[PDB]
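For reference, the structure is listed below as structure tokens.
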Amino acid sequence: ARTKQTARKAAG
Amino acid sequence: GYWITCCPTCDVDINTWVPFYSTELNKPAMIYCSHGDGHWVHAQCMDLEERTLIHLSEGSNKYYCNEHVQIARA
Ligand SMILES: [Zn+2]
Ligand SMILES: [Zn+2]
């Protein structure tokens, strides 16, 4: 399904 | 399209919103409902747990909002 703001932000 | 009133019980408001999912910072996570031509809704307004939301985002399965999910599909 199409989504928005489901990407994990960097800082790991 | 982030600050729309996605459904009759929509809780997201540009004047009060704060992050809930681990993937949110300054904007609400959203998912597309495939009913008819389709429409965007806020994931939180659908009571979707984070893992369910992430799984939906990582696959090709279509999502149907709580308002249209029981409608006979085709
Ligand atoms: Zn909403
Ligand atoms: Zn819908």
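Bear in mind these aren't lab numbers, they're just calculated from the coordinates by the rules spelled out. All Cβ positions, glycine included, derive from the backbone under ideal geometry; neighbour counts span all protein chains shown.
With q set to 0.19 Å⁻¹, the log10 of I(q)/I(0) for chain B, from the Debye formula over equal scatterers at the Cα positions, is -0.79.
Per residue of B:25-34, other chain Cβ atoms within 10 Å of the residue Cβ number 3 on average. For the protein assembly as shown, count all C-alpha to C-alpha pairs, find those more than 18 Å apart, and express that count as a whole percent of the total. So the pairs more than 18 Å apart make up 40 percent of the total in the protein assembly as shown.
For residue B:8, what is the net charge nearby, where nearby means another residue's Cβ is under 15 Å from its Cβ and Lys, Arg count +1, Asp, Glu -1? If you can, show how the numbers build up before the last one.
On the way: positive: none; negative: B:11, B:13, B:47, B:67.
Around residue B:8, the charge tally is -4.
Ordered by the number of other Cβ atoms lying within 10 Å of each residue's own Cβ, fewest first, A:9, A:4 fall into the sequence A:9, A:4.
Legend: mean number of C-beta atoms from other chains within 10 angstrom of residue C-beta atoms, peptide B:15-24, equals 2. In chain B, the calculated helix contribution to ellipticity at 222 nm averages -3000 deg cm²/dmol per residue, counting -39,500 (n - 2.57) for every DSSP H run with n ≥ 4. Net charge in the neighbourhood of residue B:53 (other residues with Cβ under 11 Å of its Cβ; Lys, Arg +1, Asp, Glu -1) is -3. At an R0 of 35 angstrom, the distance between the Cβ atoms of residue B:50 and residue B:73 translates into a FRET efficiency of 0.85.
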